[PDB]
Structure formats: structure tokens, C-alpha cells
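Below is one structure; the comments refer to it alone.
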Amino acid sequence: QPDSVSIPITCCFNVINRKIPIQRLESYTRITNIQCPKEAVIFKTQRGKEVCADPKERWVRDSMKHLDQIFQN
Amino acid sequence: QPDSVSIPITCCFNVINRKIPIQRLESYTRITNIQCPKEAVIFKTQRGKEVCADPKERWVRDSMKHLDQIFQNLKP
């Protein structure tokens with residue numbers, strides 16, 4: 001098989017069931033890989049933890065738009 | 001294991017078809033989460049690449065043991 005298919009894939013198997021205030025969020029990445037059960041967003045919190053969220057939710061999309069304007073090297 | 005299923009979970013959906021030379025390997029992680037399709041091992045190379053491998057294969061078990069004995073499977 002092509003070696004690219006043996007790269008590990010991160011997925012969100014559940015998503016958080018309530019809004020996270022944006023002050024606690026630092027950045028996000030998107031999950032779109034077809035091996036995963038659904039498209040999702042991984043937020044990284046200010047405390048450095050990762051939490052899955054559903055981009056079908058308005059609070060998630062609104063949070064991503066704000067986070068697009070900040071970064072941390 | 002992670003405390004919540006709302007934390008992302010990394011899985012291996014396919015495994016590499018040949019050994020990765022041991023001199024290139026830095027560390028590994030065992031994948032055992034019930035959400036993944038099968039138990040697997042992810043090797044990390046010195047150039048930071050991550051590669052899924054089948055833990056039933058002798059080269060995989062031997063490589064884990066080598067990384068355990070020389071580096072305690074850690075690169076701080």
C-alpha cells in the first residue's frame with residue numbers, strides 16, 4: 001500500500017455537548033479525514049488541552065472566526 | 001486512557017508494509033483505544049514522521065524493546 005495511508009489519523013468520536021467560552025480557547029484545527037465518523041473541530045484550550053466540537057454549531061463557527069485572528073508561536 | 005470521548009483519539013487505519021530502519025526511530029506509542037479499528041503501534045522517526053505499524057510483527061515488537069532499552073521510550 002502507499003506509505004501515506006499508514007500515517008495515523010486523529011478523529012473526534014464524540015463532540016462537546018455545550019459551549020466553551022472563547023476566552024478559554026487558544027486555537028483550533030479541523031478534522032476532515034474520511035476515516036473519521038464525522039467532520040469536527042479540535043480546539044486547544046488555554047490550559048493546553050484538546051477538545052472536540054461540532055462545526056455545525058454556531059458557537060463553534062463563531063469561535064473559529066475569532067481564533068483565525070490570533071496565533072501563538 | 002483519556003477521561004472523555006470528547007478528547008480527540010488518534011488511530012491507525014492501515015499499517016506500513018515493511019520495517020522502518022531502527023536507527024531512524026525515536027519513540028513509539030501503543031494504540032489501544034476501543035474507538036480505533038485495531039490495536040496498533042505508532043513509531044516516531046528522528047525527522048518527526050509518524051508511522052503506523054502492526055504490533056503482531058516481530059520487527060515491531062523488537063523495535064519497541066530496543067527503544068525501551070536504549071531510550072526508555074522517551075525523548076525529552
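All values below were derived from every heavy atom in this structure, side-chain atoms included, with hydrogens, water molecules and symmetry-related copies excluded. Protein chains get the first letters and strands the later ones, always in sequence-line order, with residue 1 at the start of each.
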Please report the C-alpha distance between A:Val41 and A:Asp54 in whole Å, then the side-chain angles of each, then the deciding distance to 0.1 Å, and finally whether the side chain to side chain contact (heavy atoms under 4.5 Å, CB included) criterion is met. CA-CA 6 Å; A:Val41 163; A:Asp54 193 340; over 6 Å; no
Distance (rounded to the nearest 0.5 Å) between [X] [atom1] and [Y] [atom2]:
| X | Y | atom1 | atom2 | result |
| --- | --- | --- | --- | --- |
| B:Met64 | B:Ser27 | CE | OG | 12.5 Å |
| B:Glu26 | B:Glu50 | CD | CD | 10.5 Å |
| B:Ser63 | B:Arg24 | OG | CZ | 11.5 Å |
| B:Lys19 | B:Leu25 | NZ | CG | 9.0 Å |
| B:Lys65 | B:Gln69 | NZ | CD | 4.0 Å |

Non-hydrogen side-chain atoms of B:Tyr28 and B:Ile42 separated by less than 4.5 Å: no
Side chain to side chain, B:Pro37 and B:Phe13, heavy atoms closer than 4.5 Å: yes
Results of side-chain hydrogen bond (donor to acceptor under 3.5 Å, both in side chains) for B:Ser6 - residues two or more places apart only: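 So B:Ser6 forms no side-chain hydrogen bond (donor to acceptor under 3.5 Å, both in side chains) with any residue.
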Results of salt bridge (charged side-chain N to carboxylate O under 4.0 Å, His left out) for B:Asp68 - residues two or more places apart only: none
B:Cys11/B:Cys36 sulfur atoms closer than 2.5 Å: yes
Start with the C-alpha gap between B:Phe43 and B:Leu67, add the side-chain angles, then the distance that decides, and say whether side chain to side chain contact (heavy atoms under 4.5 Å, CB included) holds. CA-CA 10 Å; B:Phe43 286 109; B:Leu67 294 168; 4.0 Å; yes
List the steps and the verdict of salt bridge (charged side-chain N to carboxylate O under 4.0 Å, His left out) for A:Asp3 and B:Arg18. CA-CA 10 Å; A:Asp3 281 347; B:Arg18 65 201 183 280; 2.7 Å; yes
State, to 0.1 Å, how close A:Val60 and A:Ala53 come at their nearest heavy-atom pair, and which atoms those are. CG2-CB, 3.8 Å
Please find the pair of heavy atoms, one from A:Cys52 and one from A:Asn14, that lie closest to each other, and give the distance.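 Heavy atoms of A:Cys52 and A:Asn14 come nearest at CB-O, 3.2 Å.
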Applying side chain to side chain contact (heavy atoms under 4.5 Å, CB included) to B:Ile9 and A:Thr10, what does each step give before you reach the verdict? CA-CA 6 Å; B:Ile9 292 166; A:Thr10 298; over 6 Å; no
Could you check A:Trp59 against A:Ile20 for side chain to side chain contact (heavy atoms under 4.5 Å, CB included), going step by step and ending with a plain yes or no? CA-CA 8 Å; A:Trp59 75 264; A:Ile20 308 170; 3.9 Å; yes
Run the salt bridge (charged side-chain N to carboxylate O under 4.0 Å, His left out) check on B:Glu39 and B:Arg30 step by step: do they pass? CA-CA 8 Å; B:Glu39 178 161 344; B:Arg30 298 185 155 100; 5.6 Å; no
